[PDB]
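This report refers to the structure that appears directly beneath it.
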Amino acid sequence: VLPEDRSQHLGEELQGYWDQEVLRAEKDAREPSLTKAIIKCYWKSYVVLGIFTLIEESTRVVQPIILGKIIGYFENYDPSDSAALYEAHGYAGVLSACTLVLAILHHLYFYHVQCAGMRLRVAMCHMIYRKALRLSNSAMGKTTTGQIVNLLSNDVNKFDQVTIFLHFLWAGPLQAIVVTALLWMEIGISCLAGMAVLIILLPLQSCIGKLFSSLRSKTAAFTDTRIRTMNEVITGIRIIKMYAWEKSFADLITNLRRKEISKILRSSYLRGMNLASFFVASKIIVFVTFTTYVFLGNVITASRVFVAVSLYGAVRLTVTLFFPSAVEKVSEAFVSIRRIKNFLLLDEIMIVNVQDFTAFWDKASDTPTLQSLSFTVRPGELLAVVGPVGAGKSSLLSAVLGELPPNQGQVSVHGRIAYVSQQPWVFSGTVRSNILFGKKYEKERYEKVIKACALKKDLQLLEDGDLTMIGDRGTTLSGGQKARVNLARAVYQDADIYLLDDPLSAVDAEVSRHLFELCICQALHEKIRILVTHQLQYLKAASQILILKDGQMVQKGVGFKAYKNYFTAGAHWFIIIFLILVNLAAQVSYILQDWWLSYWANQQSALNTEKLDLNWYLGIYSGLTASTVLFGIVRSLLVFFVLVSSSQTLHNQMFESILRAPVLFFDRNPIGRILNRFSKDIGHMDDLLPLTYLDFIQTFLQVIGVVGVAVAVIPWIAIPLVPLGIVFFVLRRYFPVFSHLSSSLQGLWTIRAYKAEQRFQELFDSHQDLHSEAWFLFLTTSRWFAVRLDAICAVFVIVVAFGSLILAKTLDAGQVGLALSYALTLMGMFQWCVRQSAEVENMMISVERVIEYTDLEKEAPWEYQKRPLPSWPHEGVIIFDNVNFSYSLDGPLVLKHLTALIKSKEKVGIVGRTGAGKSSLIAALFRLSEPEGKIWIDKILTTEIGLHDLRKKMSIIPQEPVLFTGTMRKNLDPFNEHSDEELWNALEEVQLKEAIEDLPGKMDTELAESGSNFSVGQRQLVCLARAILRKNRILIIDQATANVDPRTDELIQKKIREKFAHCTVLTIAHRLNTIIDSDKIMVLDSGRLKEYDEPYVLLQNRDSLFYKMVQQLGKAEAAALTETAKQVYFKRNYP
Ligand SMILES: CCCCCCCCCCCCCCCCCCCC(=O)O[C@H](COC(=O)CCCCCCCCCCCCCC)COP(=O)(O)OCCN
Ligand SMILES: Nc1ncnc2c1ncn2[C@@H]1O[C@H](COP(=O)(O)OP(=O)(O)OP(=O)(O)O)[C@@H](O)[C@H]1O
Ligand SMILES: Nc1ncnc2c1ncn2[C@@H]1O[C@H](COP(=O)(O)OP(=O)(O)OP(=O)(O)O)[C@@H](O)[C@H]1O
Ligand SMILES: [Mg+2]
Ligand SMILES: [Mg+2]
């Protein structure tokens, strides 16, 4: 691609014009206008293209007048007049030349208009992503990932369209008055009856633009919420599967898709009426006129009638097709412009020192989120930030980071920030790539980071080392691995100010102090550090400590199978056969109406007072017209019905297939690869493909009509038609960005912290330039074929023109008028037919990409033919018998020979280093991959019942808390199976009631994207609230309180003891104080169960792993734990 067409030279041009308009609007006291910016940018390039229009359009309108001179040779033909035949060969010559001129002008126009659109689309995409990197937290509340995907996927694709047709808004009306002027000299006042139709149709067609834009806007809304819901399914699929919530999301998507389709059906009918107009309007017009002509007392004769029909034919495209499509495309596009505009207008964002600082995350809040803060920290000092869940600790880092601006007071910072976010940010690549983050590789400093971040061991267990591939969100890594990678990245950048948001809570006690001592103290020793932490064990190493409570400071110290499927998915084969019949019936009645004028002309020519019975000729002419109109309407609406019904059916199968795909599918496919189907491809199948099919079907049958008429009038045309057909056969025989966007929006504060924004912009522009080469290669190959197909068509028009004059002794004037009027329409229709063919064939790739996702590999059936009795589980015994587990068949085993019994009502702790396989045990139990060996739950094999039979009966609290966009009520109870008093009881028991009663909607409060209103500790408490509302014998807890402070933890621990007393409970926990009272503790290393015994019995073996683990916490910690273990063990031995 030339530099002038690159995504970063584009985009920067239009951003300049946008900024100028924004700057002028404030001087004008206006609101800015994006249309205006577009115009100012492009106009000089685009208005010139109208020259092509003007030349072509003028050349079309003279051809009928030349046709009148040759028809007027057959009419009153004298075979003596060799001089007249020589002149007639002259006029056929000029038609041959005009045909070639029109052919080159069509390609020159259509190429450039396409390019124009591509430019506009590419420039817009750049500006949208540039804006996304600048959005404030306020703006990120007013928009969502699904909207931005929608913007970049479907809204900007309107820009491809606009540029095509836009010159026809004046060429249409202009042609309509020119043809009328012309017609006046052929048929007199009678032509006025034709203008009487156009002065109706064209204003009606234009005035309908308000419908298109209102329908579009309405549609657009539902696409945003649908794509957003797909995004939170695809990123939430593990938690959705473990909860068995698939049916709730299916109902929600189905209703949004139903609302959305109701507007697509409306619009499609409008669209369909336009293409019916293209077919029938000309027939209406010539009927109206010639009825008037015969009522005023003229008689039908070949030269006047067929020049008039040909005149209409010369305008037909421009007026009847191109003009309405223009209004359509433009009124549709102004919505895209308004959508984009609104986006573009959204809000945009050595020492550390803070003074008098007060700030609000939302100005509607009654209370500040930080109040009267002052502190300062300087090189070599470590400041610990301590306090409850929701106290403001991450808010403090966001104040230093500049993401929460002061309402009063001030902040000043000098030096580069390194930000270690509370949720780890990990993106697709190798784990080496995630650590380097654009810095050069240098072995000595890199290996020092790998050991300092406690990461050397894990990388030696992996087969491909630090070059192992990682998924779009790190879903292939355990929690404490994605934490260590997130910290190792920060160390490698060698920044000046480190902002550490609870980096240690996802790792084991040994790895925790390894990171603190070797990374946070020793490696970063010379640097400013602010450490948000609950690990009170380390605070003695801090230079100063800040305690926050309640927001304030407390203290400081294409195959045919695809085509077959696409049509047959829409309707039963009877409707498809009927649809074929009305297509043929429309085109046959179309031809017979024009043959009837040819026949009427010949009868009038045969007469001598004698006159034709007008009741017969005008009667039959009326019938054939009404027949053509009737089938034209039915044919146009029925195609839209079948193909939208096909898109609706193929979507449902694709979505059902996705919900039954195994989690391995989502680990191996990028999120953007999936959203591309549901956003872009479904968009084309709904909006654009049905229209383009009907347009091709109409024009293709019209082309066949020309060849049929030409051969039927002049049989010897069949001789050259064989070579032309052979050449036609010879030619035919010879002839992701959304994952990057999603990653960028997740990492946005960290990307801004390191000032990586330019490098991220360059990646986006590089990706757009790749798609641009694919677009230019498609255009270049399509043009190469099109310019040769036109050479076949041009020869056909030439041999029918001259063949008429060679064979003239066999012809009659009405017959030549018929054959050549059709021939003159051929090439303009033939060109558009070939264009719409190429776009259909291109868009069928979208259909294949959708069909392949209808046929994904399936996770096992949700209900088998065998089902457990409703009493099951009735004891909650779980037996693991020689279990082995791997997340893929081609991959390593992560659990080996695992063999254990869990008794009824037993409480079991699960313990061991990061990456040991602890959460892998839950994935086996839930059959997220199918285990080897055997697992028995109350004497039923988990593998002999359906995936909802077991998953519904096991409560889970996952390692990652996921909340969904919606009400707080729906996040607790999506099925509406509980009363509000039960939800409030849950919210009291998880210490969260006051935090919800402060919200203005209370439980009807709408949560932001991914639950962003809440701190991470609060999102953990909501997952415990979900699990309290379910009622099951078996509960699984995975690190459910790791981000919850100790004084909140001891309360929810007490409630867990009280509420789940009758359950069998499995608890994975690094925070050993939460599990020291277990009945038995499993200790895992390297995927093996090494110890499984009573807590005190483990600790009295000084060579055990568990004795080492409690001892690593420190002497007072080990004393408290060993005492607690001894006490519970003695109490178990007293009875
Ligand atoms: C013998 C035939 C004689 C008549 C031929 C002309 C037909 C029009 C006659 C005027 C009376 C009929 C109604 C006119 C429109 C009324 C206002 C509603 C417009 C509307 O709903 O649709 C518009 C679509 O474009 C349009 O509707 C565009 C219509 C353009 C008409 C001709 C303009 C000539 C100049 C073109 C210059 C092009 C230069 C290109 C380089 C804009 O949609 P919206 O309102 O929803 O959008 C913003 C949403 N927020
Ligand atoms: N992006 C946000 N938008 C609006 N409110 C927020 C946002 N993030 C946090 N809050 C609110 O600000 C207050 C403090 O949240 P904050 O995240 O600072 O708590 P925290 O100290 O990080 O708790 P944790 O220990 O779980 O990290 C809470 O009331 C929380 O609901
Ligand atoms: N989706 C996955 N696909 C393939 N392998 C995975 C996947 N998730 C985790 N692993 C591998 O599984 C092993 C164990 O991961 P697991 O989550 O069971 O460790 P863990 O005990 O939960 O560590 P943590 O204390 O951080 O929770 C890891 O070493 C990792 O290599
Ligand atoms: Mg926090
Ligand atoms: Mg885990």
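Can you name the residue in segment 104-157 that is basic (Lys, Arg) and under 23 Å from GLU762 (Cβ atoms) and, of all such residues, is surrounded by the fewest Cβ atoms within 10 Å (Cβ to Cβ)? Within segment 104-157, the match that is surrounded by the fewest Cβ atoms within 10 Å (Cβ to Cβ) is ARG134.
Between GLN63, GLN15, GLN20, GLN8, the distinction of being polar (S, T, N, Q) and within 21 Å of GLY803 (Cα to Cα) belongs to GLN63 only.
Of the residues that make up segment 292-309, is at least one assigned to a loop (DSSP other than H, G, I, E, B) and in contact with a strand residue (DSSP E or B) (Cβ under 9 Å, 6 or more places away or on another chain)? Working first, answer last.
Within segment 292-309, the first condition is being assigned to a loop (DSSP other than H, G, I, E, B), and the residues that meet it are 296-301.
In the following step, the residues that additionally are in contact with a strand residue (DSSP E or B) (Cβ under 9 Å, 6 or more places away or on another chain) were identified as none.
There is no residue in segment 292-309 that is assigned to a loop (DSSP other than H, G, I, E, B) and in contact with a strand residue (DSSP E or B) (Cβ under 9 Å, 6 or more places away or on another chain).
Of all the listed residues (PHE306, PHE357, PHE323), the sole one being within 16 Å of ligand 2 (Cβ to nearest atom) and crowded, with 21+ Cβ neighbours inside 10 Å is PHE357. Number of residues in segment 704-718 that are buried (at least 19 other Cβ atoms within 10 Å of the Cβ) and assigned to a helix (DSSP H, G or I): the value is 7.
Give the residues of segment 477-507 that are assigned to a loop (DSSP other than H, G, I, E, B), within 28 Å of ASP1085 (Cα to Cα) and either more than 16 Å from ligand 2 (Cβ to nearest atom) or not assigned by TED's automatic domain parsing to the domain that holds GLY429 (or both), sorted by residue number.
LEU477, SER478, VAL507
Here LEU818 passes the criteria (1) farther than 30 Å from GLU906 by Cβ; (2) not assigned by TED's automatic domain parsing to the domain that holds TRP716 except the one numbered (2). In segment 388-403, the residues that are closer than 17 Å to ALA753 by Cβ reach residues that are among the aromatic types (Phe, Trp, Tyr) with C-beta atoms within less than 7 angstrom, at least six apart or across chains, in these pairs: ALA399/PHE357; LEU401/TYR419; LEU401/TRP749; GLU403/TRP749. At least 1 residues being within 30 Å of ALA181 (Cα to Cα) and out of contact with any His (no Cβ under 8 Å at 6 or more places or on another chain) is the threshold, and among the helices (runs of 4 or more DSSP H) wholly inside segment 1-99 those reaching it are 34-46, 50-74. The single condition from (1) within 16 Å of ligand 3 (Cβ to nearest atom); (2) more than 30 Å from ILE253 (Cβ to Cβ) that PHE926 fails is (2). The condition (being buried (at least 19 other Cβ atoms within 10 Å of the Cβ) and away from ligand 5 (no atom under 16 Å from the Cβ)) is satisfied by just one residue among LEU504, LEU462, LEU500, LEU477: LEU500.
The rows are residues; the columns are (1) outside the structural domain of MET140 (by TED's automatic domain parsing); (2) out of contact with any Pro (no Cβ under 9 Å at 6 or more places or on another chain); (3) buried (at least 21 other Cβ atoms within 10 Å of the Cβ); (4) part of a strand (DSSP E or B).
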residue: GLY380; (1), (2), (3), (4): yes, yes, no, no
residue: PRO388; (1), (2), (3), (4): yes, yes, no, no
residue: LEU396; (1), (2), (3), (4): yes, yes, yes, no
residue: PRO405; (1), (2), (3), (4): yes, yes, no, no
residue: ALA418; (1), (2), (3), (4): yes, yes, yes, yes
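In segment 141-162, the count of residues that are within 16 Å of ligand 2 (Cβ to nearest atom), part of a helix (DSSP H, G or I), in the same structural domain as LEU763 (by TED's automatic domain parsing) and not β-branched (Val, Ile, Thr) is one or more. Only one entry of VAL400, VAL385 meets the criterion of being more than 16 Å from ligand 3 (Cβ to nearest atom) and within 40 Å of the chain's Cα centre (by Cα), and that entry is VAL400.
In the set (1) farther than 22 Å from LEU67 by Cα; (2) crowded, with 22+ Cβ neighbours inside 10 Å, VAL179 fails one condition alone, (1). For segment 424-436, residues that are surrounded by fewer than 18 Cβ atoms within 10 Å (Cβ to Cβ) and either within 16 Å of ligand 1 (Cβ to nearest atom) or part of a loop (DSSP other than H, G, I, E, B) (or both) total 0.
Among the residues making up segment 911-923, those that are more than 6 Å from ligand 3 (Cβ to nearest atom), under 17 Å from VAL511 (Cα atoms) and not charged (D, E, K, R) are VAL911, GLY912. Counting only residues that are part of a loop (DSSP other than H, G, I, E, B) and among the β-branched types (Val, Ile, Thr), segment 936-962 holds 2 of them. Restricting segment 1030-1052 to residues that are closer than 15 Å to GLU988 by Cα and buried (at least 16 other Cβ atoms within 10 Å of the Cβ), the residue that is nearest to ligand 3 (Cβ to nearest atom) is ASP1049.
For every residue, the table says whether it meets (1) among the β-branched types (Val, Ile, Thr); (2) within 16 Å of ligand 3 (Cβ to nearest atom).
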site	(1), (2)
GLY1087	no, yes
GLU1091	no, yes
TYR1096	no, no
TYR1107	no, no
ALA1119	no, no
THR1124	yes, no
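What is reported rests on the model, the rules as stated and the sources as named; no laboratory read-out is quoted. Because the Cβ atoms are built from the backbone with ideal geometry, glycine has one as well, and the counts that use them run over all protein chains shown.
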